[PDB]
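A lone chain, given as structure tokens: the form deposited without this ligand.
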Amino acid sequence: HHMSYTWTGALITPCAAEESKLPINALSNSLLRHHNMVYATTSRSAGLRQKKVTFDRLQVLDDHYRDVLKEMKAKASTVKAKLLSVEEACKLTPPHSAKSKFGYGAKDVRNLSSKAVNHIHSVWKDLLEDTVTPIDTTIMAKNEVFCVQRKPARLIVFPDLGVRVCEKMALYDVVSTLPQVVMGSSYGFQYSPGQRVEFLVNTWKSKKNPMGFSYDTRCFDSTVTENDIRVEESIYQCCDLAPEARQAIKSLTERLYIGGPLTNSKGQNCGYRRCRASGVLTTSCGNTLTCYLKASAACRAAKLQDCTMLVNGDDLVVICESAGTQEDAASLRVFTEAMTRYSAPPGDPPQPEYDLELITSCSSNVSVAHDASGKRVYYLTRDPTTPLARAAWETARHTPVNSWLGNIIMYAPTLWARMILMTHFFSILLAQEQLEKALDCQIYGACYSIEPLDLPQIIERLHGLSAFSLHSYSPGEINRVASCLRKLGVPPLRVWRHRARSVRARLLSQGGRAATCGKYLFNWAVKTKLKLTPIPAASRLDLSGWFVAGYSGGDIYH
């Protein structure tokens, strides 16, 4: 058997006390009344996830697969990648990333303390000298917030801190550089949300009769086989690399990436992994390469015409030429059969779509609004259910990752981000005078320390000034927002408009950066608008590294 996991029977254990029910404070009801709709996942449901992720994988590899791989390797050979120093690798480590089993923490790593740096050096030497001994990993249940309809906790699998820094030294430059070179415009993590909409729309516009579909692989990490993971290393090895980097990548593949022993928080042996570790540097890059490889081959197998893929890890969308409605449904059944043969069967079956705004990829869809001139403007949005469940949790609880800040960055142009999220959280931050306190959030899986007072500069830079003037959202978009609010017990959009006028007035009264936030962020709320001009600070905003690559699970801080 080629099983994704084997289990001893030891439980997946928490390392802290876990909350499942929505924490409520005095601010909760101003956002959300249906508190019972909102939950966090815990280790109590881990067993249910273990049944989902444990299965036998079969893989039949044909000539389309090897043809695509050979083309990918040829592009990969043009990549020259650098070895990071220990010091460079250390500054990429999140301030609150899990501490070592070996007497030092993430703060120690970032300060380049001699004890951390000495141990990292010893893990590095061990990797160069030993290419066989499985590396230990911890298995944990993630605590994640959702609206009902309950999901079981996702699992996270990660090596010790010293190993994680070693992954960066060996491979940070590779996973940041290689996928765009190999996949070109198909690599999703190179785009901002607006660069993504322009690619999707331009691609849709370059087909006589466009057809698109998203493809949902059931448990993508568990579908990743030893072959798949060895193929990724052969792709990494195509790069021009230093001899120490080649040996470290070989060693990390053999000892960590291919599989290893699973240990709970209590130190007990839980089992063994033979699939993708969800918490290593190469998770995002490995997943994107494996998904693009299999999908590219599956496109050729199905005889899909003029195929453009967009791939973000395990998230896949294809836009192609329609050969007619019946040949489309048929070609999708063959694409799906090919994918299955390659060990990537679907969860939901793929559906062909003939309207761009109806395809969901990366939990997002294109939509249309109008700028300050009446022009039709395409922008990225999503169903706000999960953004709003998480915002409710963050209303009453301090969390490591402020999802609301990251959702405002990613979805600033949206009706729901501007009306609810900006209104709610600027109002909370005004009341606490915490406007200039930097908060952690994540974009494409990497962690960023961000001042909420810098939001005007940031939004202009990523989305343009039009994000501050959009209006006349589509009916379907308005109805999905309004309907989500009713479900969660959120006050309707008229209440938020009334609240934003208050919040705006309050911000301008602070002067300076707060006034800029009031001026730019809430101009949609007043009838007598202000003159919104390019912000000098935005020009100078150092936004390098932001949408280059994906590092979900990769333990990255910028």
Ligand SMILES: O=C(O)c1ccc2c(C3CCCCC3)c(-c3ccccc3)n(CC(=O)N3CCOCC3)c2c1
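Residue indices: 1-based, along the sequence shown. Under this definition, the rigid core comprises the largest set of C-alpha atoms superposing within 1.5 Å between the forms.
We do not show the form deposited with this ligand bound, though everything after this point is about it.
**Asked** Open or blocked pocket for this ligand when its pose in the deposited bound form is superposed here, using 3 or more ligand atoms within 2.4 Å of backbone or C-beta atoms as the test for blocked?
**Response** Blocked, going by where this ligand lands after superposition on the site C-alphas.
**Message:** Only one of 481 to 489, 100 to 108, 251 to 259, 266 to 274 has heavy atoms within 4.5 Å of this ligand in the deposited bound form; I'd like to know which.
**Reply:** It is the stretch 481 to 489.
**Message:** in the deposited bound form, does residue 38 come within 4.5 Å of this ligand, counting heavy atoms only?
**Reply:** Residue-level check for residue 38: yes, a contact with this ligand.
**Item:** Partner contact for residue 420 in the deposited bound form: this ligand, 4.5 angstroms, heavy atom
**Value:** Residue 420: yes, in contact with this ligand in the deposited bound form.
**Message:** Contact with this ligand in the deposited bound form for residue 425, defined as at least one heavy atom pair within 4.5 Å: yes or no?
**Reply:** Because a heavy atom of residue 425 falls inside 4.5 Å of this ligand in the deposited bound form, the answer is yes.
**Message:** Check residue 395 for me: does it contact this ligand in the deposited bound form (non-hydrogen atoms, 4.5 angstroms)?
**Reply:** Residue 395: contacts this ligand in the deposited bound form.
**Selected contact from 320, 391, 377, 245, since only one has a non-hydrogen atom within 4.5 angstroms of this ligand in the deposited bound form** = In short, 391.
**Message:** Please identify the residue among 519, 499, 506, 513 with any heavy atom within 4.5 Å of this ligand in the deposited bound form.
**Reply:** By the 4.5 Å heavy-atom cutoff, the listed residue in contact is 499.
**Item:** Residues from 343 to 375 in contact with this ligand (non-hydrogen atom within 4.5 Å) in the deposited bound form
**Value:** Contacting residues: none.
**Message:** Which one moved? Candidates are 301, 439, 98, 470, criterion is a Cα shift of 2 Å or more between this form and the one not shown after superposing on the core.
**Reply:** So the only displaced C-alpha belongs to 439.
**Request:** Take the rigid core as the frame of reference and indicate whether the C-alpha of residue 513 shifts by 2 Å or more between this form and the one not shown.
**Result:** Yes, residue 513 moves 2 Å or more.
**Request:** Answer yes if the CA of residue 449 moves 2 Å or more between this form and the one not shown after aligning the rigid core, and no otherwise.
**Result:** After core superposition, the displacement of the residue 449 C-alpha between this form and the one not shown reaches the 2 Å mark, so yes.
**Asked** With both forms fit on the core, is the shift of the CA atom of residue 430 between this form and the one not shown 2 Å or larger?
**Response** Residue 430: C-alpha displaced by 2 Å or more between this form and the one not shown.
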